[PDB]
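Starting off, we have a lone chain in the form deposited in one PDB entry, written out as structure tokens.
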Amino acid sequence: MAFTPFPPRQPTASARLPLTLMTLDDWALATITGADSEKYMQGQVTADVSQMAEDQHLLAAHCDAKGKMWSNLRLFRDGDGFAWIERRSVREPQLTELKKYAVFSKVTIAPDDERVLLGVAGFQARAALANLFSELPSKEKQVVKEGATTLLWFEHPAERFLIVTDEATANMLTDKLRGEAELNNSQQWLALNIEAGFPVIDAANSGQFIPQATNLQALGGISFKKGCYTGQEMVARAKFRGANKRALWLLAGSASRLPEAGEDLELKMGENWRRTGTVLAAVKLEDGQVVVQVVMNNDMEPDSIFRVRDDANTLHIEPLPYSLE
């Protein structure tokens, strides 16, 4: 786009990451302006956009009438409305459905490729950026703005900033960090999301899942006390129904082919069925390992083995770093 992707480098896991400047091509930014921004957005999204502070960002879901997840998104206030970040593969559809019902609202809804999405993660990310900015988001102030730049603070798996900015500023930031930081691309970011249990939704699955199919309730993206949003019945239904459909899973292990988005998984007839889950996202790490993010029944034990339908290797199960209770 406005900004050339950095070439890929084998992604690692959070634990021993050196300073990393990343270019987030596989993500995409969109906005909404107008007098009816709050009103309109509030009814379209699972998160209570009203008590959204000037300094916060959240992972809302966005559903269809039936409570089906069009996509999830990181929302934050921007201008007189909101901006949000989500996977590139889905921006278009989504924005299209979003704009369909904006007909009676004083509201302007657009993609934004003029702005650049960067990631800074790894070893002393905080201290590196601190020489380039007067203020940095923190746990207590999770969104901070400085010139053409908006910084979002993340805590998992280890503390990264997500930077939304100008081409000029990206150039500056890039020229100033090139030397002391590795450059990587989306997959390093993606690996950190997968490592953290944070649902990733690509076009192949927009429409397939209930927010909680995906652990969203666990990550603060559903408001149950709020007024009304498309699909809220279904969503609230699924909470009180008690019966918990499925969930979002972390699978590891070596692999030849990269799992694609929306591909069946295979369980082990040790005492169990066969063709089981669906596939959210995957990254080949250094090892020769992959890490896969999947949606399966909340029912399966520190036992089971799987493998993308058309592949053939020991996939097992790594524990979500957050509690589903």
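Whichever C-alpha set is largest while still superposing within 1.5 Å between the two forms counts as the rigid core. The numbering used is simple: start at 1 and walk along the sequence shown.
Of the two segments, 39-47 and 256-264, the one listed with the higher mean B-factor is 256-264 (C-alpha atoms only). The deposited model assigns a higher average Cα B-factor to 247-255 than to the other stretch when 126-134 and 247-255 are compared.
Of the candidates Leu24, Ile305, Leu21, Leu17, the one whose C-alpha carries the top B factor in the deposited record is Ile305.
In this structure the maximum Cα B-factor among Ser71, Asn193, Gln208, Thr214 is found at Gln208. The PDB entry assigns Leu173 a C-alpha temperature factor belonging to the lowest third of its chain's modelled residues. Remark: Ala236 belongs to the highest third of its chain, ranked by C-alpha B-factor as recorded.
Annotation for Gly119: CA B-factor lies in the lowest third of the chain's modelled residues. Ranked within its chain, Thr33 lands in the middle third, by CA B factor from the PDB record. Among the modelled residues of the chain, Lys100 sits in the highest third by CA temperature factor in this PDB entry.
Keep in mind the form deposited in another entry is missing from the figure; the text below concerns it.
Only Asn272, out of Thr278, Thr31, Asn272, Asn298, shows a C-alpha shift of 2 Å or more between this form and the one not shown on alignment of the rigid core. With the core held fixed, the Cα of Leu21 is displaced between this form and the one not shown by less than 2 Å. The rigid-core alignment places the CA of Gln142 less than 2 Å apart between this form and the one not shown. For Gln10, a C-alpha deviation below 2 angstroms is recorded between this form and the one not shown after rigid-core alignment.
Between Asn244 and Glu97, the Cα spacing is smaller in the other form than in the shown form, differing by no less than 3 Å. Wider separation of the C-alpha atoms of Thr214 and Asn272, by 3 angstroms or more, is seen in the other form than in the present form.
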